[PDB]
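Next up: a single chain in structure tokens, the form deposited in one PDB entry.
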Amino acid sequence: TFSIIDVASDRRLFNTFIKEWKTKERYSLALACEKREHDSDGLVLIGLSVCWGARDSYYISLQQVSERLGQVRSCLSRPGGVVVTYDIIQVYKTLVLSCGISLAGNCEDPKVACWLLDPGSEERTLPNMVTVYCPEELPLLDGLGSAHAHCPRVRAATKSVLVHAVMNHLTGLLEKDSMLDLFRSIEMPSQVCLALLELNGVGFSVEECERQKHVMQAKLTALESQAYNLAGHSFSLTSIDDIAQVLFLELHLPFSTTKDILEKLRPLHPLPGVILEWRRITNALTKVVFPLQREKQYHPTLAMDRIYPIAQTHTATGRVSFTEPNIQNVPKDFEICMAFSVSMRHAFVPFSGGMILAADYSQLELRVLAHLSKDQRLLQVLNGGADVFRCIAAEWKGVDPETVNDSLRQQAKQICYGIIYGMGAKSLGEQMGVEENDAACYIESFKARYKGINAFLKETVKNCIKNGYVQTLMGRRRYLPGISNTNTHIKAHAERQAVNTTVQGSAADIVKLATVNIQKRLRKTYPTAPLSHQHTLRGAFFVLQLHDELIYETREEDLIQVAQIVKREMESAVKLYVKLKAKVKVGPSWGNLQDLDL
């Protein structure tokens, strides 16, 4: 009983369609687009299709317009008024870039619901959903175009009807899992915030990147000249096999030539040191500067180059990642003798007259573990301002806690997180530099010093065995069917994944809730500012996320007002038995952030 009604055919018909559209609590939306590239509301975007149920879809044609566009803008922007769209980020971005309509209100997406049902599953397309969840609409799939031809109006109407049908079985599957309130309050606003982040982009100064690239090229020239001096012949260094032959075959001994093995050989003859330096710098050149120099787009209104990341937001533990040129993977500051500090994060500058504001959670997963495990000792350590990764390193090495190097603190952090996430005695011995027996004794002392952590690990494994899944703080469930396998290795891996999911998913939920709260409070504080840089410079813009940090671009007169809001919201996102401490750093660029005491 599939029917299409062209409401944009009569003035009275359009008026009445608007009248009973504004009164609907839930509706599904789809867009019709032609074959174009980056949009127009009369050339690329053909129109919209709206469905309320019963296989009846209403199609609005934006072709040959101001009156109908205004009515559609009034209906879509704060009409319940829940709008259900497939790929909410794509739909939001397309609407904003084509007709300047921002989806204000409650949004829903069957992709997010399907991910909530099983985070470890594969990202299924809309027809793949119809075959599984709602197979009664299988005949309607004939009409969602093909590989060659597709009618935008018919495809849009069919997509709207299918999406409405799917988010009527998905909303019932999510109610029995108690994830419905979580879906409508945390995940969907997080998707809207990620869409705003993608629209904003992050500034990127080519002038700084050019200087950095010149420095790395000069360093490669110097390193190749030095290495050829040690060998006397001109051999290629990018091929691992080239190092494998001749080099380290008779000169040295352990061919699995990686970073870890040659690090132990670094105190010896400095040939491995040169190779490690060359490999690090070459990897940086290949994977950071070159990919980032081609994906930049010149924003004319801001008169600057920006990078627009693409959020992935379909992960096992709820962590939010990006696509191919991942800005989150940019290496931090390192040193080159040449000394020169290669700050690759210094190339990400804000607009003309702003500062980068990054707020970071202090030991977020440690505090989540303290709250979950009710461990008194670690909880009382994380309420007095003493750095856990510094005191642990001081006790392990014997030095004073205030005289601990940053490199030593990172090692203590790695050791602590590994032992929490089930790192074996052999791995701890190989990493911390002691024998296996001493590493096992250290693990035993760690578990007998924090009585709550061991009990939490055991109880989490037992509950994963009992229920077959692990539930985070907000209620997100990850299914691990390998927790009852007869294979010891797979069972241990499932146990480690259970603990890691239980902690990391809770941390990610806290981060997402903090992001949503910050966006709401910023909108409340600055109601006359653009939502993003593609809408029309008061407030902040949320240009990046580092799975624990929230980087914002804000003006000179708004730095303090935005920092206070961000810190307060990060602290008050959730109430736990531990204190959520977040530190705010403001600077002229991402790589030049200085702590902002406040």
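Residue indices: 1-based, along the sequence shown. Only the largest set of C-alpha atoms that superpose within 1.5 Å between the two forms is called the rigid core.
- Do any residues of the deposited sequence lie unmodelled between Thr536 and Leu537, and which range holds their number: none, 1 to 3, 4 to 9, or 10 or more? According to the record, 10 or more deposited residues lack coordinates from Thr536 to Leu537.
What comes next is about the form deposited in another entry, which is not displayed.
- Query: Looking at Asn128, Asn329, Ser407, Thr323, which has a Cα shift of 2 angstroms or more between this form and the one not shown when the rigid core is held fixed?
  - Reply: It is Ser407.
- Query: Once you line up the core, how about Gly232: does its CA shift reach 2 Å between this form and the one not shown?
  - Reply: After core superposition, the C-alpha of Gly232 moves 2 Å or more between this form and the one not shown.
- Item | Cα displacement of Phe248 between this form and the one not shown reaching 2 Å, rigid core superposed | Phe248: C-alpha displaced by 2 Å or more between this form and the one not shown.
- Determine whether the C-alpha of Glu263 shifts by 2 Å or more between this form and the one not shown once the rigid core is superposed. Yes, the C-alpha position differs by at least 2 Å between this form and the one not shown.
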